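Taking the form deposited in one PDB entry, here's one chain by itself in structure tokens.
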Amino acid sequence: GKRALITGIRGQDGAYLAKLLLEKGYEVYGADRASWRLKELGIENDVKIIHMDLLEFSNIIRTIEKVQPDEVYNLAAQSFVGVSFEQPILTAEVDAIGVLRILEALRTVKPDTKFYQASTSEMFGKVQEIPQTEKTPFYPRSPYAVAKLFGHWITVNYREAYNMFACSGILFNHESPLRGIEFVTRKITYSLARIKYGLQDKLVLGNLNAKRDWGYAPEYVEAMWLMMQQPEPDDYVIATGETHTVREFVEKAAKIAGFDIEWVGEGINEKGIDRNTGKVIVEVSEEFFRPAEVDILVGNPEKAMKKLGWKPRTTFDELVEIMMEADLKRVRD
């Protein structure tokens, strides 16, 4: 029975990771500064919530002293790229300096602690190779990305300089029913469900050609745990290795939702018609439609599949189905 400490406990990954660790018999302490996610997973009463703020050092030190964890998963952050352009300094304090604060607190009070840093594919920014691996040169394109890159390297440096068990997971996009409404995958499934129940009329999106490497969040936090259970600390890219367009997602979700969508038109004037009603379910707005991105983010996780035995167990279709089902259920109630 080990003790794990999860920052960002209220988010998609913290929630699912909490679930996973509890099933493996851990005592789970969620760092926070009630959560609808822990509750939806039915574990809000088994997750021990304690205070901790990555913005200040002394409270982190004391939290480690009191909790004495075996494993610390830092999934906490200001993860919105957009916001980071407006609040770059605050973003840096949490996503960059905050990472160091924990490492320095573990170095100072409990050096035998395992540390996982939640890195992102956003660090590859203007991709230097396709697909991307642990050896692909980084090229951040937003304050958020630059702060994350800092967190990455500072985690590698503490591993090399103090021989601490510090891992860095360079994770690519991963969704789930607990995904924020702010995200395209959830927006699509949430919206479609509502439309099917008259609570909404049309699904308004951006470029339907945008491509992403989408995975199933539960399987991703599992890779986090896997990294942490190895004899030697290392960093891994975690992704599916394939990309899909926003159109494939809408299209497949609309299908599961019962619609018989049939695209027509192109560009900003694209539309999806439900051949079951004859009305337009989806349409593109200039408000969202942005320039087709030449840089393609898709990771090559063979290193993780190799050393960790990790591998996606959900196909893109299964993921789309899971999310659409969950949201068809949510809207009914």
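Heads up, when I say rigid core I mean the largest set of C-alphas that superpose within 1.5 Å between the two forms. Numbers follow the displayed sequence, beginning with 1. Residues that one form lacks are left out of the comparison.
Missing deposited residues between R33 and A34: 4 to 9, all without coordinates in the entry. The PDB entry reports B-factors from which the mean C-alpha value can be compared for 194-202 and 176-184; the larger average falls on 194-202.
According to the PDB record, 74-82 carries the higher mean C-alpha B-factor of the two stretches 217-225 and 74-82. Looking at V28, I268, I60, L297, the one whose CA carries the top B-factor in the deposited record is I268. Annotation for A292, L308, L55, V67: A292 ranks highest, by Cα B-factor. When the modelled residues of the chain are ordered by C-alpha B-factor, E325 sits in the highest third. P111 sits in the middle third of its chain by CA B factor, as recorded in the PDB entry.
Sort the modelled residues of the chain by CA B factor and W263 lands in the highest third. Per the PDB record, residue ranking by Cα B-factor puts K211 in the middle third of the chain. Among the modelled residues of its chain, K252 has a C-alpha B-factor that falls in the highest third according to the deposited record.
We do not show the form deposited in another entry, though everything after this point is about it.
Only one of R247, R179, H152, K114 has its Cα shifted by 2 Å or more between the shown form and the other one after fitting on the core, and that residue is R247.
After superposing the rigid core, the Cα of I102 is displaced by less than 2 Å between the shown form and the other one.
Once you line up the core between the shown form and the other one, the Cα of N209 ends up 2 Å or more from where it was.
Superposed on the core, the two forms differ at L192: its CA moves 2 Å or more between the shown form and the other one.
Comparing the forms between the shown form and the other one on their core, residues 187-210, 245-296 form runs of at least three in a row where every Cα shifts 2 Å or more.
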